[PDB]
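Notes follow the structure.
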Ligand SMILES: *[C@@H]1O[C@H](CO)[C@@H](O)[C@H](O)[C@H]1NC(C)=O
Ligand SMILES: *[C@@H]1O[C@H](CO)[C@@H](O)[C@H](O)[C@H]1NC(C)=O
Ligand SMILES: *[C@@H]1O[C@H](CO)[C@@H](O)[C@H](O)[C@H]1NC(C)=O
Ligand SMILES: *[C@@H]1O[C@H](CO)[C@@H](O)[C@H](O)[C@H]1NC(C)=O
């Protein structure tokens, strides 16, 4: 009688890096680097506050189009590039 | 549906053995793991043991390490748990539960993924380990004075002296559910539990309706349907 | 082999407020910490697993948070049916352990509707007549119930049975069973269960005579 | 098993300007990337090895660079003799692979001088008469040539032969040979070569009758 | 006056639209899942986010060394779906195959254990320092760019060295689980069979299907066949 | 605050990975020395005993 | 000064730890190739010779 021993093998596997081999084939691997994105900022769980048309300092001062942002709490204020200032010209040292 | 039902259990004396089944029905293809979790009457939960697809477990809590042995029969899709050398503190409602892991773990589908949370819980089977299976004596509770209070009257039944829990109680074969209050069992100093179930219905139905409490005690197969009438005076 | 300690043992929170629970754990645990909602008379239900991540089709008011050692569970908008007990398990040491448990209460101070129940004739013929005093619908759970038989207090033969908090009106119900013999019952005339509650201006007492309804 | 892709397939760069080449490589490769300059009719010659280290006694105008995946090759001062094809290899997983190759072009739309050619009598007696049409001196190489026999368009019997670009006037030449049998040739009367070019206002067509020069 | 409080709040410049979903991590490109230890979308992140590294892909081995066709065996067994390590036999009844559940589980547990070590909860960072700049500010801005770029290049080395070591140890631990499995049964039949030099044992005695199963589940008593196998070896 | 916070988090990983690697290698080297001891006495008995 | 001194001291640990692990593995792997060769010829002889 004969009793052979061996391991499983996949028809096509993934290549990984090791200390000695740069491209060595294994049966299974997982990606640790998150490279894909949904493209959209999920409003939850963090209380996302869309800056829309003004910056945070513009809402702090009280620009006419930013009266809605008064007494508004936020976990993360998101400034848009489309922001602008309509009120009196100012500068903050 | 991922339903699973626990069968067996009951009253055992200390030092005896007991096997509890768990019919794994539904979504579980049973290449996924399963566990047993007991909770003692009034006490917190406790993980007992686990089993994987095929025989990758083993894995028993230190409280029951040498006493319990978990078994799996995939051909009939049933999970077992042989509880040998039972002690007093083993009295608990043994729950059968499915175990799920994050998809990153569990490389080969059949084998044990060491990081499991239980998502699907079973109905549970009550196992009592003590030293006597008495049938409950049902005594009705009649209202006194004049319509108890006035606009609403109260009446109930007394389930005194029985062993062990539980006792099923309904009113008028389940047709009466509104206003019913089923109280928890209280172990008397004699050692036999006592239960009371009362219902508050308006006094306008004191005479036009005959109320019957349908007490069922399967552990001792005693099912009394006592009549509750106002005290004749 | 890895103990879990929940704090506190029981908390009282008004409906609507956020109830923050604790699950302190010896050693380090991060990848797994499951929260459960075991309502009385039912099996536990999975709420959050691995911390943070909540279970399928459970309300968004159940929030989970925790890194290691310290873990928290906050219920945003509290409902009257949330009177369940909450537990926390974890990984691993190959051996999952559960928490001790955190009882959650709801809340208006309701006054007990006292009702007396004389022993039935069938129980009188048995040899031991037990008088029952009901306290239907009341909050909070604390209720000092005393038995007075013939203007004399009786202690040692009464047992207090309290139900779990209700899922809708959030009111408890108490019952006291005064166990006495057949001759010990007929020995006295008037039976009155003295009831004193937190929200009770005067001690309401309901009584009845022997041989008359 | 580690494919290499050079971009573009061919690039036009005036003499003296810097010509940047691309050698995109699937999977990481850093320690080895050799550039080669294979002039037509000769063996390849090593330029750069590793990534930036150039070979011995080669001009300093050849520059090399690149990270793991993206590689570049820039020729600073371009000369007329740099009309060679460039290749890039890499390492390794025991198997060395070469690139596709990047032809280096250097630097008026010319009109194709169409010429027809009837089959000779020696070819007619063989049994298969093939008519030939010449497009001498024209740019660009793109030239849509169509055969029209007894006015009928003929496809599946024609073969396009195009020269390399000329070293002086830089004009291509094209020849099409419509192979037909002895009876298939006498079957029809007039043979016309419908020639359409990029810089052609109207489709120039030259034709001849059968039995008359 | 404004009410002064100190908390987890922050600010970030982004043009990504807001959607009604859940995500612990938020980037100027959009929310990304923090299930992975590292990310390559953007260095500006808010909340529980993976560590930004230069690498675009870092495969972590969750399996074993793959050999389909031409160390001890010429190739692995593609027909094994019930486990990682298994047996094959040519006995008197026929030819069968079965997996060793304990060796497969032991190899999965080591990978599952380190898999948790690599994906352990990532850093939770809220209000940090700005890493993108609109115009040149000189010395202060040059330091801020240097502080962050240093942190990135150091983390990139920490991540790329991690996958190399973890995968090198992954192949070593899985290959050693088979060396121990071949050594397990090698001790089972000491001088009842001999190593053929290719991963197969030449059992010199009559061994049926149940006898093969006795070797598989670890109940093979060599003394039963020791009087038989030894005679077939030297005669 | 960021420079110091960055310095700490990088050293925390440098130390956490250190003890993880060294303890693994400590267990690895101790188990090997046991195998090296069992292999030492195994060579002393070429065919005088069996494992 | 602090940012640079941090970068230096952190890279020095990265380099010192690298040469120690790579050299240890180098000595570890070379001894295995010697053992594999001993095991290779050991499989050929079977019971025709003894270690
Ligand atoms: C794996 O995929 C590639 C396809 O290019 C090829 O080698 C073959 O079809 C598959 N199987 C094996 C064993 O290589
Ligand atoms: C690879 O491993 C993952 C777990 O990370 C598992 O879900 C998947 O089924 C495996 N696939 C293969 C082909 O091994
Ligand atoms: C993310 O956005 C930045 C610009 O802020 C851009 O440079 C980068 O390529 C983007 N990456 C992805 C993965 O979208
Ligand atoms: C091992 O397999 C043999 C052959 O089927 C069987 O007789 C024996 O009972 C098995 N033992 C165990 C422990 O499974």
Report, to the nearest 10°, how far helix G:2-45 tilts away from the longest principal axis of the Cα atoms in chain G, using its own Cα long axis and a range of 0 to 90°. 0
Residue order, fewest to most surrounding Cβ atoms within 10 angstrom, among B:116, E:225: E:225, B:116
Separation of the residue C:70 and residue G:4 label points, Cα + 7 Å toward Cβ, nm: 3.9
Between the range E:1-75 and the range D:40-61, how far is it from one alpha carbon centroid to the other, in angstrom? 42
Using only DSSP helix segments of four residues or longer, with each worth -39500 (n - 2.57), what per-residue ellipticity at 222 nm results for the protein assembly as shown after dividing by its residue count and rounding to 500? -6500 deg cm²/dmol
I'd like the FRET efficiency for residue C:39 and residue A:38, computed as 1/(1 + (r/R0)^6) with the beta carbon distance as r and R0 of 41 Å, rounded to 0.05. 0.65
Residue E:231-residue B:123 FRET efficiency (beta carbon distance; Förster radius 45 Å; 0.05 resolution): 0.15
Mind sorting E:176, E:9 by how few other Cβ atoms lie within 10 Å of their own Cβ, fewest first? E:176, E:9
Whole Å is fine, so just give me how far the alpha carbon centre of the range A:1-40 lies from that of the range E:169-235. 30
Applying 1/(1 + (r/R0)^6) with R0 = 35 Å to the Cβ-Cβ distance of residue D:212 and residue D:169, what FRET efficiency is obtained, to the nearest 0.05? 0.55
Taking Rh as the Kirkwood radius, which is the inverse of the mean 1/r over Cα pairs, what is the Rg/Rh value for the protein assembly as shown? 1.12
Once each part is reduced to its C-alpha centroid, what is the distance from the range E:102-131 to the range B:106-184 in angstrom? 45
The range D:1-107: relative contact order as a whole-number percent, Cα under 8 Å and 6+ apart: 38
Nitroxide proxy distance, nm - points 7 Å out along Cα→Cβ at residue A:72 and residue B:16: 6.9
So the label point sits 7 Å from Cα along the Cα-to-Cβ vector; using that for residue D:79, what distances do you get to the other copies, in nanometres, sorted shortest first? 8.5
Going fewest to most other Cβ atoms within 10 Å around each Cβ, E:224, E:163 line up as E:224, E:163
Average partner coverage of E:109-119, which counts Cβ from other chains inside 10 Å: 5
Could you work out the relative contact order of the range D:108-213? I mean the mean sequence separation of Cα pairs under 8 Å and 6+ apart, divided by the number of residues, in percent. 32
At residue C:203, label 7 Å along Cα→Cβ: distances to the other copies, nm, ascending? 11.9
Please give, to one decimal in nm, the separation of the simple spin-label points placed at residue E:92 and residue E:206, each 7 Å out from Cα toward the Cβ. 0.4
When Rg is the radius of gyration of the Cα atoms in chain B and Rh is its Kirkwood radius, what does Rg/Rh come to? 1.11
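Any read-out appearing in this document is the output of simple, stated calculations on the displayed coordinates, not a laboratory observation. All Cβ positions, even for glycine, are placed from backbone atoms using ideal geometry, and neighbour counts span all protein chains on display.
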